[PDB]
Every structure is written in structure tokens, then in C-alpha cells.
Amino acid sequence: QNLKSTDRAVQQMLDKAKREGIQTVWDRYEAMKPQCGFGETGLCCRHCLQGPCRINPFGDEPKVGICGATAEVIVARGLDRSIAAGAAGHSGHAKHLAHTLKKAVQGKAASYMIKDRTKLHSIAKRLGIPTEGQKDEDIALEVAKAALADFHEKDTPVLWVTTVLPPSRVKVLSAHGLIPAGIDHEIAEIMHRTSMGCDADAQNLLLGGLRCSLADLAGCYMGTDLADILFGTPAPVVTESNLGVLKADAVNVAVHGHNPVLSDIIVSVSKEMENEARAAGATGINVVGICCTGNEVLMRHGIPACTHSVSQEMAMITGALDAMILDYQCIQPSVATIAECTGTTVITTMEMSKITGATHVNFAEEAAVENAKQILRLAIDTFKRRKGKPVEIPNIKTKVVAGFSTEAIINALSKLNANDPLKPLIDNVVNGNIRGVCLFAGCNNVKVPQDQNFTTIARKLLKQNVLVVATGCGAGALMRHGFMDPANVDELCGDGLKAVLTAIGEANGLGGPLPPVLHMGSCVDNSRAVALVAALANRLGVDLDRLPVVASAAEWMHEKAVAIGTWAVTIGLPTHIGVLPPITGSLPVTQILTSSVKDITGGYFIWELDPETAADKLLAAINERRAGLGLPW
């Protein structure tokens, strides 16, 4: 079972699933072996009804697509569509939040409001929206309208690219024609250019994909911006993670998906309803998080994280999960079938994300509190039906200190230097206490024993004094293995890094260090790491491709994560990936993405299966950046 997951709670539920005959993601993976080598290498195309076409990676025919498409065109077209799909997910999330903010300040959804007035005004300043003499509701309406305008062509490019990156970076991108004209405009243009008998030049195609990945960055950044306005900017919090946060005597309700627009309301209304749950025999309503919508309410409210990604079925296997409330993205559709065995009420809430066999509740922001009550009452009914039923909740959980928004990080640093908060961080980079910065991002993948790459790489970087920040299911992996617990700083961190975490924590009224890893939030909150790295770059007067900053999508899965990895390279970062993407069938495309993209953006993909080898390559990349600044290493 430790070949499936390094998480001991997950291993325990795998034993239970095995003996109850419940099929899991790992079983479905095993039944799929051996996987198709054409798809694995990227040498398959189904973009027209003359296909499917394939190309032998080596040997005799087929050597070319029926229309004449070469291996390098087929590979670049397939990658481009996965970037566009990722952009469409992060774009759709941001768009829904834009409509919510607009409804809120137009008096149409009273359950929503401007919660962070500081954030609203700083965004409006960043966009060049006039604030002084304006009402908040009119500033916010201007911000929401500007958000919606970035989806289509207009007289400006996408402002959620051009106003978030260092001006030098924008000029480098603009010189290569890489600035997006509109978010949905770029998504559609990718789909057009990759359809049959259109773009057939690998380099032209990949430049389109880099541009589409910045459309995805815009959507990430807009989603983070709008969610902070509506629900508050995260600040440091303490909570717990892993399956042991479930409680047998409570109504256990998981929020699962990505968009917190309803899950933040569920959090609020669930407090309002403890009495109704006590009347059914529960201690209360135990809201817990799965995947990124769980990260959202962990970051803002300290909702304990139940589990993540590949292991999400295991929360049901406990027998104690009474409801699973879904919005969209990364939800294994298997949860709807598994619920018939485990008793869980699986509930979809979004018009464009339904699952056959789940109960659907048509959430509308105008009726959000009423919907949350209808939903939580289904959860209460479910808890009643398992009166007397035995549960197996693994008694396994970790302490999690989280909530490190970029504003929180700057604020924490300001306690060492009030008027120059970034300087203490840069000082310890220069003198070697901080070797560099590594962002862990992206999913788990069934192909990789769960969390194995994240923890192995992080363990080695931390001992080498790398400052480690994490998002999404990378934060999930680290948090479930103790990397967000300050009590483990002594074990995990080098002396230089420990010294810095201790000074910052001691200066923030804690008598203890910051945690070994800084949790910066959900996948769209990868935009927070951009805001931090960009601010560091602007303070040093250099572009991002000169900073000792790297990223590792160590176990990545989703098209969303492919987009993120690509815009990490596009904004200038050495970017490690721990699962082969479908590009090895084309050496020219692999060469572009792993080497020659350096000459365009200064970033590049680092393709490494072995996590120990990956850590060495990440340290080498961090150290080359150090040498380019003339730092010792």
C-alpha cells in the first residue's frame, strides 16, 4: 500500500477499501496498464475524422499524420490544447467570481459583499482605476467590469498580465508577441490554430502556447484578487490536516472543488446551524476541505484539510463523510459511485459540472444562504442514517500553520524592517542564510506514490536552506506530512534557513519560528507567489529570470497544472516536472521546452523522474542564478 501512497491514513483506508471490495483510483490505474505508448509520447492525433493518426516513436511507418502533420506539429498541437483547457478552468473560476462581485455591489446577492476594502483599493490602484472621491461599491463595480473585459479583445491587452509582472518582463514578453489580447480570445485562437490544416510549425505553435499560458496566469491572478476582495485576504492561521480531522460524532461535510463562492458560504451558514445538527444527535457540523476549495477556506478560516487530489476517495471510505459538496475541477467522478457503498451524500452545485448519480442543488448567489441550508440539511439527514454504524477514521493528523498570502508575508517581514520589508529577505539571500526560493505547485498523480516527490525534494531543499512555499495539492502533500508545523523546523531546516524563520517568527509575537514551508493557498493562488517574486525582482531592479527562484510541479496531473508550469517558464522560472508530459515523441519540441525556451523567456522546464535527482537539479538551477548575481554558493 505504500507503493500507492506515502500517507499512512490513506494506506489504512486503502486496506479498508480493498477488504470491502470498493474500487479505487489506484485499482483503476492498475487495470489500465500497460498504457498506450503513442498517447504517452504525444504521438497521437484525433483532431479530425480521418484519424486517429499515430506515429511510431521509432522504426517504420506510420511516420507522419494522414494530413501530413509531423511528429513535432502533432506534439505541439496536443500540448497547446492542454494549456488552453487549463486556461479555461482558471478563467472560468475567475469569471464566476467577477460576476459574483458585480452582483454583490449591485444589490443582487446580499450574501456577498466587499470584505477586504484594503485589497479592493490596491487592485484598483494597480489597474489605474480612480479611487479618491469614489464609493467602494463603484470602485468595485469598475474592478469587476475590468475583470470581465480582460476576457475579450479591447484597446488594452490583458491587464491581469501587464499590471502584475515587472515592466522589464512585460517588454521581453511583448517583443516575442506573447502578451495575451483577451483570455477567452487566446483560448479560442489555440483551438483554431491547432485544428486540422492550420498552424503546422512547432515554434509558431509553442509561442502561441506560451501566450495562452499567460492568459491562464491572468485568470489565476484575477481569481485570487477577486476572492480576497469578496472573502478576505488570508492571514496566518493554525489548523489541522489529514483524515483524523473527521469526527465520528459530528456531521462531517467536505467542501470539494475549486471555487469557494459557495464553500465560503457553507462555512458561514454551518456555524448558524449547530443547534439543528445537535437536535439530530451530532456534536455539530464539521466542515472539512478537500482539494483547492478546501485550501481556500483553510487559508481564510482555518477549516481543517481532510485530504487532497488522488486520495480524495479515501475520505468517503471512513464511513463518516456525510456530505461531499462539489463545485468543479479535479473531482474524481468515481465519488458518485463510491457513495452508494459509503453512505455519503454527493452534491453537485454548478450548472456545467454534474455527475450522474449525484444529487444536484442549483446554487445561485442570489439564494446562497437558502441553498447552503438545503445542502447542510441533506448532510444532517445523512448523519442520522448512520446512527450506530461503525466508522474507521484513521487517528492521523498534523498541525498546519497556513495563511501566508503575499500581504501576510510582507507584513511578517515588516516586523524586521518597517519601511523596507523585502530587504531582510534579500539580505539573507545575499549572505547565504536563504539559498533561494522554491515553489511547489500542482497535483498528485496516480503514477507517482502519493506525496513521494514533494516530500523527498522538499526535505533536501530545506536542509540546503531553500525557502519553500507551496500551493494547491503540493501544499496538501507538505501539510499532511508535517511540513507546515513549526515544531518540525529543527528536524527539517538548515541552520541558515532556521535562523531566518526563527527571527521572523520571534519578531511576530510567537517565540517560535515560521513553519518549514509557507502555504500560499490554492492553485489560482500560485499568482501570490508571482506577486511575491515580482516584488522581490522590482526591489532588486532585475527581471525574474535573474532571481534564485525555481518551481516544482513534482506530481502534476491536470491541464490546469500544465498551464501553470508553462507560465512559470514563460515568466522566467526554471520549472521542474515530475511526470513525463506527452512530448517525448518529438525531440525538437522537447529541446524547445527544456533548453531553447531559455533564450526567449529565461525560464525552462526541468524534466526529472527521480526526486533525489530533481532536488539536485533544482539546487543547481538556484545556484546558477546565485552565480549570475555574483553571490557565493
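A residue's number is simply how far along the shown sequence it sits, counting from 1.
- Stretches compared: 462-470, 121-129. Higher mean C-alpha B-factor in the entry: 121-129.
- In this entry, 337-345 has the higher mean Cα B-factor, the comparison being between 337-345 and 448-456.
- Highest C-alpha temperature factor among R81, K102, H519, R386, as the PDB entry reports it: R386.
- Among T233, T224, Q374, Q312, the highest C-alpha B-factor recorded in the PDB entry belongs to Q374.
- Sort the chain's modelled residues by C-alpha temperature factor and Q134 lands in the highest third, per the entry.
- Ranked against the other modelled residues of its chain, the C-alpha B-factor of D525 as given in the entry falls in the lowest third.
- Split the chain's modelled residues into thirds by C-alpha temperature factor. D27 is in the lowest one.
- Placement of the Cα temperature factor of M352 within the chain: middle third of the modelled residues, per the deposited record.
- Split the chain's modelled residues into thirds by C-alpha temperature factor. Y604 is in the middle one.
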